[PDB]
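Read the structure below first, then the notes.
Positions of Cβ are backbone-derived with ideal geometry, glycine not excepted, and every protein chain shown enters the neighbour counts. Basis: the model, the stated rules and, where named, an outside source; none is laboratory data.
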RNA sequence: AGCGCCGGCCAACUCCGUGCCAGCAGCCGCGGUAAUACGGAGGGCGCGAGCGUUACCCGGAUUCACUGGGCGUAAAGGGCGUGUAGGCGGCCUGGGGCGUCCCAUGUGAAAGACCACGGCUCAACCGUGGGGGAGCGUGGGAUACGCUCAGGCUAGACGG
RNA sequence: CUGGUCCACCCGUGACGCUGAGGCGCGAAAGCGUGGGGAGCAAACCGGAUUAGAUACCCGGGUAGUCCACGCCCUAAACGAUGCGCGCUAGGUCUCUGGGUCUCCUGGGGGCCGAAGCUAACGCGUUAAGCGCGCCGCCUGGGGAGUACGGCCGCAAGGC
Ligand code: SF4
Ligand SMILES: [Mg+2]
Ligand SMILES: [Mg+2]
Ligand SMILES: [Mg+2]
Ligand SMILES: [Mg+2]
Ligand SMILES: [Mg+2]
Ligand SMILES: [Mg+2]
Ligand SMILES: [Mg+2]
Ligand SMILES: [Mg+2]
Ligand SMILES: [Mg+2]
Ligand SMILES: [Mg+2]
Ligand SMILES: [Mg+2]
Ligand SMILES: [Mg+2]
Ligand SMILES: [Mg+2]
Ligand SMILES: [Mg+2]
Ligand SMILES: [Mg+2]
Ligand SMILES: [Mg+2]
Ligand SMILES: [Mg+2]
Ligand SMILES: [Mg+2]
Ligand SMILES: [Mg+2]
Ligand SMILES: [Mg+2]
Ligand SMILES: [Mg+2]
Ligand SMILES: [Mg+2]
Ligand SMILES: [Mg+2]
Ligand SMILES: [Mg+2]
Ligand SMILES: [Mg+2]
Ligand SMILES: [Mg+2]
Ligand SMILES: [Mg+2]
Ligand SMILES: [Mg+2]
Ligand SMILES: [Mg+2]
Ligand SMILES: [Mg+2]
Ligand SMILES: [Mg+2]
Ligand SMILES: [Mg+2]
Ligand SMILES: [Mg+2]
Ligand SMILES: [Mg+2]
Ligand SMILES: [Mg+2]
Ligand SMILES: [Mg+2]
Ligand SMILES: [Mg+2]
Ligand SMILES: [Mg+2]
Ligand SMILES: [Mg+2]
Ligand SMILES: [Mg+2]
Ligand SMILES: [Mg+2]
Ligand SMILES: [Mg+2]
Ligand SMILES: [Mg+2]
Ligand SMILES: [Mg+2]
Ligand SMILES: [Mg+2]
Ligand SMILES: [Mg+2]
Ligand SMILES: [Mg+2]
Ligand SMILES: [Mg+2]
Ligand SMILES: [Mg+2]
Ligand SMILES: [Mg+2]
Ligand SMILES: [Mg+2]
Ligand SMILES: [Mg+2]
Ligand SMILES: [Mg+2]
Ligand SMILES: [Mg+2]
Ligand SMILES: [Mg+2]
Ligand SMILES: [Mg+2]
Ligand SMILES: [Mg+2]
Ligand SMILES: [Mg+2]
Ligand SMILES: [Mg+2]
Ligand SMILES: [Mg+2]
Ligand SMILES: [Mg+2]
Ligand SMILES: [Mg+2]
Ligand SMILES: [Mg+2]
Ligand SMILES: [Mg+2]
Ligand SMILES: [Mg+2]
C-alpha cells in the first residue's frame, strides 16, 4: 500500500456507490482528522473506532437522500464526488491566496496546515495555507 | 388483521437461486431454501395494508396482475369480489404505456358483444361469422378483466414481480405505485410496497389476496363474508 | 468616411424602420410603408431560414446603421465598453448615446443624425461655450450643448427648435428652446431608448 | 405552451433489393425561456412528421433548470459516450458563449449568461444528450443544505 | 470612391456565353450542350481611403493533454525473469524545522500593461498619481503533511 | 540430484517493502559449426497425372533436416493481441487441490453466467477492460519502412 488517504477515500466512494450502510478502514490519526472534517460538513453521518481481528479500525456511517420515483428509485448521493489532490508522486501545496473554491461554494477542500486539518473556508478565515488533501462535493 | 396465521400457510420459498438484495427479509437457510422473517412480513404488511386502505377510501382503482399457473383462479375471484380490474392470462406488452391503443381493442370487444345478439343480424356469411367468433373468443380471453379499466390505474397489485417484470417496468415508468408479493428471488427496489411472502404456494396467495380484498371491501362500507377457499 | 448612398434600402433590408431621413420617415411615403421587402431582384421571394450567424450579423448591422458609425469605430467602442466595469450591453448603449452628433439629434437641433453630423462638423454647435466640430466627441454628464451665438438666427435651426417646442426630450436630457441650449444630465438608461435591438445578440456576435 | 427550436435534421438510409430507402430524423428542443426545457428525437418517413414527433417527445421529457440571475448555480462537467460538455456560470453581461446545439438548449431554458466548451466527440445528438444530463445534475445551495444538514 | 465576395463552411441570385475546352480551387470539389462553383451582365452582401493576396507566429489543435489524452480489437504493454541507479512507501511517541505555510523588511529601475484624474476642439498621443507583480536576500513564527534523527508496534515482508 | 508453490500451527525477526532506465540470465520452430546417428517422415530435387499452362494442390520416389553432444543464432499471431504490486466493489454455477466443527464453513488455482460500474461498440465484470495509488515500457494520420545511413552484435543467414 502506498497512499492510505487515497485508499480511505476510495473505500468511501466504493461503499457509497452501492448504498452500503457503513464501511471499515484501517485506523490512523490523520484519517481520523479527515473523517471529523467530513462529519462536521454533513457528508457522513459519523464515524467510530472498533476492533477487527484485534486491529484498530474506523467505521464510517454513510448518508443518502430519499427514495426516488421512476425507472430508477435509488436515492441520490450526498457525496457526489470525492477526489485526492496531493499524491505521493506529486505533492500539491497552495498559499492562502491560491486556495481553490470548490463548486462555487457548494463543495469543500481539505487542507493540512500548520494549524491542523481545516476546510478551505476555515483556512481562509485563519489566513493560512498548506497541503491540499482532497476535494468533496 | 393477519395475527400470526402466516406460519400455518407459508414461511417462504426458493433455495440458493436467490437475489441478494432480498437479504433484509431472510432469517435462515435450513433445508437449503430461505425462510422469510415473519416479523418483517408483518411490519411491511401493516404499511402495505394502510396504503391500500387509504387508496380504496379515495375511490382509486387497483389493477390486480397475476398470470402464473398457481394464480389464474385466485386472482380472478379476488379481483371480481371488489369489482376491480385484473390481468390473469397474459400481460400484453404496452397494456399501460400504450393504454389508448390497447384499450381500442375493448371497443371492438364490446361492439362484438352487441353484434352476436339475436335481434339485429344473423345474415353474415358463415366464414365471416367464424372469423368474427375467433376474434371475439380471443378478445374475451385476453381482455375480460382489462375491460373494467376506464383510465390508467392508481396502483397495480402483482403476485410475482420477477415473473412479471414487464408490468412492473410499465408501472414504474408511468409513476404508478406497485404492490407485490415476492419470494427470495425478487428485486425489492422496484417494488414500492413489498410483502415478503411466498408467492408460489396456493394458500399463501389465497390468504394475502383474500384479506387484502376484505380490507378494500371494508373501505367502501360493507362486509361480504364468504370467499372461495379451495384446498 | 461614412455611408453616403441610398438610405431606405437599409430599412428595407433590416425589415424595420430606421428613422434615418427625418420628416419623410413619419410621412405616408416612407419606403417601409410601401415596399417592406428587401431591395433587388429577389426581394419578393420567400425567405429562407436564417442561420445563427445571419441573425447576429443582421442585429449588429441594424444597431450600427441606426447611428451611422463605421465598423472600426463601432468595434473600438464595443471593446472599450467590454473593458469597463458594468453590464457591457448597457455600457455600450450609453457610450453610443454619448456621441455629440447623436446628442444634438436628440436635443432637437436636427431632424436626423446625418443632419446632426453636418451641423456639428460645420461649426454650428458649442459645448460649454467653446466650439466643437467633431461628431465623435463624447459628452460627459453636466456638459452644456448649445447652438453657436452667431448661429441662432439660422432658418434651419429656427424651424427645428420651432417644431420641438411641443416635443419633450428624454429624462436623461434637458432642453431650453427659448435659451436654445441643452444639458446632458446622465447616461441614458437601457429602458429609455426605444431601440429595436437585442444587445445580447451583438455581444454574442463579437464573441465569435 | 412553449417555444420550439429545430436543432437537427438528417436523412438516413437503409438498403433492400431495389436500392436505398430513406428516413428522416429530427432533433427538436422545446422550452419556455423561464426554467423548463426538453429534448426530443423523432424519426419518420417524412420531414414534417419527424418534426412533429420530435416535439411530441420533447414535451414529455423536461428538466427544471435551477436558474439564478440568468446563469447556473455552479460549474458542471458531463460525459455522454465520448462527448464532453463543460458549463460555467458568468456575469450578467457575458451572454451565451456556446456552440449551436448547447446554445439552443440553454437559450430555450432561460439561460442568458454562460460559458461552455465541447470536448471530445462533437456529434450533435450526443452533445445535446450531454447538455440535458448536465442541466439535470444542477443543484442549488438550498438543495445541498437540505441534503447535508 | 474603391476593393473583395455571392455552391457549403459563410452574408449575398438570376440571365446569357461556353461544353472535361476555356478556366476556378483553402478543403469538399466545379466544368463532358439547360453551370446559383468558369467568363460577362443585372442585382446583392461585407468593408471603405482602403480592399484583397503571399510569407511568418499564436489560436481554433484537449492534435505532446501540468491545467487537459491514451495503449484487448482503432496508433500504442517490452518474449520472460533477476536486478543496478533512480522514483515511491505501514501504525504510535518525542526532538530538529530542510521542504511547506504565515508575518515584517530590502529588492523587483524607467518606459510598457491596469485604475483614476488631467492637456492637446475629440481620438491617437502625452502628463501626474496610485496599485499591483513571479522570483530572490534578511529577521521572526507554526509543525498538520513530506524529510530527517531517536524509541517503540506487528496488519506488509521474510523465517521456523 | 534440484527449483518453485500451497495449507495448518500463529512460534521467531521487526517495515527488512514495491517498481525498475542500463547490466546479466533464459528464450518454440527454422537456421549455422564440429563429431555421431539415420527407422519413419520430408524443404530442395526427379518422375506421373491434372490443366490453356501447373515451376502447385493429388500420386511414386528423394537429399538436407527432423534425433544426440557441445558451441552459436535470439526471432514469432514469443497472444489473454490485456506490464507488475497492493487495497476496495452483489452473487450463481462447474472443476482441481488443502484444512476443519467433513450437512456446511474456511484457504489456494482453473472455467462459465451475471450486481454496480465501465466501453465507440463488441464485450469486461473479485482471474476487471470497475474504483484508486506507486513505478516501468510504449503511441501521436496512411504509404515510403522496420527501409536507408551511422553504430553495435553474428561464422553466415541476419538481429538491435
Ligand atoms: S422613410 Fe422609412 S424607409 Fe426611408 S429612411 Fe425613413 S424610416 Fe427608413
Ligand atoms: Mg513525489
Ligand atoms: Mg421502459
Ligand atoms: Mg459520442
Ligand atoms: Mg472517454
Ligand atoms: Mg476528435
Ligand atoms: Mg447563406
Ligand atoms: Mg469552379
Ligand atoms: Mg473568381
Ligand atoms: Mg449555360
Ligand atoms: Mg466561389
Ligand atoms: Mg457568373
Ligand atoms: Mg481568441
Ligand atoms: Mg477543431
Ligand atoms: Mg495546445
Ligand atoms: Mg481546445
Ligand atoms: Mg495528463
Ligand atoms: Mg486520443
Ligand atoms: Mg487496444
Ligand atoms: Mg479498448
Ligand atoms: Mg489490425
Ligand atoms: Mg494513433
Ligand atoms: Mg494494434
Ligand atoms: Mg507480455
Ligand atoms: Mg507486441
Ligand atoms: Mg518468452
Ligand atoms: Mg540489474
Ligand atoms: Mg526486483
Ligand atoms: Mg532488465
Ligand atoms: Mg533500491
Ligand atoms: Mg523551513
Ligand atoms: Mg516598474
Ligand atoms: Mg479631456
Ligand atoms: Mg506612472
Ligand atoms: Mg529569512
Ligand atoms: Mg512519513
Ligand atoms: Mg523505526
Ligand atoms: Mg518455479
Ligand atoms: Mg509470533
Ligand atoms: Mg520487540
Ligand atoms: Mg510497498
Ligand atoms: Mg530507472
Ligand atoms: Mg532458441
Ligand atoms: Mg512452438
Ligand atoms: Mg531445432
Ligand atoms: Mg546440424
Ligand atoms: Mg509434379
Ligand atoms: Mg489439357
Ligand atoms: Mg511427395
Ligand atoms: Mg516417402
Ligand atoms: Mg534423407
Ligand atoms: Mg505465448
Ligand atoms: Mg500486444
Ligand atoms: Mg494494455
Ligand atoms: Mg514493466
Ligand atoms: Mg475461483
Ligand atoms: Mg468462480
Ligand atoms: Mg465468463
Ligand atoms: Mg461477464
Ligand atoms: Mg468471471
Ligand atoms: Mg481501454
Ligand atoms: Mg497528430
Ligand atoms: Mg534493421
Ligand atoms: Mg548497416
Ligand atoms: Mg561477424
Ligand atoms: Mg527484422
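Of all the numbered requirements in (1) surrounded by 16 or more Cβ atoms within 10 Å (Cβ to Cβ); (2) free of Cβ contacts under 8 Å to residues at least 60 places away in the same chain; (3) away from chain D (no Cβ under 14 Å); (4) in a strand (DSSP E or B), residue A:135 misses one, and that requirement is (3). Mind checking whether some residue in the range C:103-114 is within 14 Å of chain D (Cβ to nearest Cβ), in contact (Cβ under 8 Å) with a residue 60 or more places away in the chain, away from ligand 4 (no atom under 16 Å from the Cβ) and assigned to a helix (DSSP H, G or I)? No, the conditions are met nowhere in the range C:103-114. From the residues in the range A:92-103 that are touching a strand residue (DSSP E or B) at 6+ places or on another chain (Cβ under 7 Å) and more than 29 Å from residue D:147 (Cα to Cα), which one is farthest from the other protein chains (Cβ to nearest Cβ)? Taking the candidates together, the pick is A:93. Quick check: is even one residue across the range B:203-222 more than 13 Å from the chain's Cα centre (by Cα) and within 21 Å of residue B:17 (Cα to Cα)? Within the range B:203-222, one or more residues are more than 13 Å from the chain's Cα centre (by Cα) and within 21 Å of residue B:17 (Cα to Cα). Figure legend. Inter-residue proximity from the range A:14-26: first residues touching a residue at least 12 places away in the same chain (Cβ under 8 Å) and more than 23 Å from residue A:53 (Cα to Cα), second residues away from ligand 7 (no atom under 16 Å from the Cβ) and outside any strand (DSSP E or B), beta-carbon distance below 8 Å, spacing 6+ or different chains. Indicated pairs: A:16/A:79; A:19/A:74; A:19/A:75. The numbered conditions (1) touching a strand residue (DSSP E or B) at 6+ places or on another chain (Cβ under 7 Å); (2) outside any helix (DSSP H, G or I) are all true for residue C:204 except (2). Residues that are away from chain D (no Cβ under 12 Å) and crowded, with 18+ Cβ neighbours inside 10 Å were ranked within the range A:57-81; the one that is farthest from residue D:145 (Cα to Cα) is A:58.
Just give me the residues in the range C:20-29 being surrounded by 16 or more Cβ atoms within 10 Å (Cβ to Cβ) and touching a residue at least 12 places away in the same chain (Cβ under 8 Å), in sequence order. Across the range C:20-29, the qualifying residues are C:20, C:21, C:22.
Total residues in the range B:152-185 satisfying the condition of being closer than 26 Å to residue B:83 by Cβ, free of Cβ contacts under 8 Å to residues at least 24 places away in the same chain and either out of contact with any strand residue (DSSP E or B) (no Cβ under 7 Å at 6 or more places or on another chain) or not assigned by CATH to the domain that holds residue B:198 (or both): the figure is 1. Would you mind stating whether residue C:86 is within 8 Å of RNA strand E (Cβ to nearest atom), in contact with a helix residue (DSSP H, G or I) (Cβ under 9 Å, 6 or more places away or on another chain) and more than 26 Å from residue C:118 (Cα to Cα)? Judged against the criteria, residue C:86 is not a match. Criterion applied to A:44, A:37 was being closer than 17 Å to residue A:135 by Cα, touching a helix residue (DSSP H, G or I) at 6+ places or on another chain (Cβ under 6 Å) and more than 16 Å from ligand 4 (Cβ to nearest atom), and the one residue passing it is A:44. Tallying residues that are surrounded by fewer than 18 Cβ atoms within 10 Å (Cβ to Cβ), in a strand (DSSP E or B) and within 16 Å of ligand 6 (Cβ to nearest atom) within the range D:85-102 yields 1. Does residue D:20 satisfy being touching a strand residue (DSSP E or B) at 6+ places or on another chain (Cβ under 8 Å) and assigned to a strand (DSSP E or B)? So residue D:20 fits the description; yes. Identify the residue in the range B:138-152 that is over 23 Å from residue B:199 (Cβ atoms) and assigned to a loop (DSSP other than H, G, I, E, B) and, among all such residues, is nearest to ligand 5 (Cβ to nearest atom). Only one residue fits best here, namely B:152. Contact map, the range C:43-58: first residue under 16 Å from residue D:7 (Cα atoms), second residue assigned to a loop (DSSP other than H, G, I, E, B) and more than 9 Å from ligand 7 (Cβ to nearest atom), Cβ cut-off under 8 Å, separation 6 or more or different chains; pairs are C:53/C:208.
Among the strands (runs of 3 or more DSSP E) confined to the range B:9-127, the ones with at least 3 residues that are touching a strand residue (DSSP E or B) at 6+ places or on another chain (Cβ under 8 Å), in the same structural domain as residue B:172 (by CATH) and without any contact (Cβ under 8 Å) to a residue 24 or more places away in the chain are located at B:26-29. For the range B:147-180, the tally of residues that are closer than 24 Å to residue B:202 by Cβ and away from every other protein chain (no Cβ under 14 Å) stands at 9.
Filtering the range D:54-97 to residues that are closer than 24 Å to residue C:93 by Cβ and either touching a helix residue (DSSP H, G or I) at 6+ places or on another chain (Cβ under 6 Å) or within 16 Å of ligand 5 (Cβ to nearest atom) (or both) leaves D:93, D:95, D:96.
Residues that are within 14 Å of chain D (Cβ to nearest Cβ) and either within 15 Å of the chain's Cα centre (by Cα) or within 16 Å of ligand 2 (Cβ to nearest atom) (or both) within the range A:104-127 comprise A:106, A:107, A:108, A:119, listed in sequence order. So which residues in the range D:104-148 are within 14 Å of chain A (Cβ to nearest Cβ), surrounded by 18 or more Cβ atoms within 10 Å (Cβ to Cβ), assigned to a helix (DSSP H, G or I) and away from RNA strand F (no atom under 16 Å from the Cβ), if there are any at all? Result: D:144, D:147. Note on the range A:68-106: residues that are out of contact with any helix residue (DSSP H, G or I) (no Cβ under 6 Å at 6 or more places or on another chain), part of a loop (DSSP other than H, G, I, E, B) and away from RNA strand F (no atom under 16 Å from the Cβ) amount to 4.
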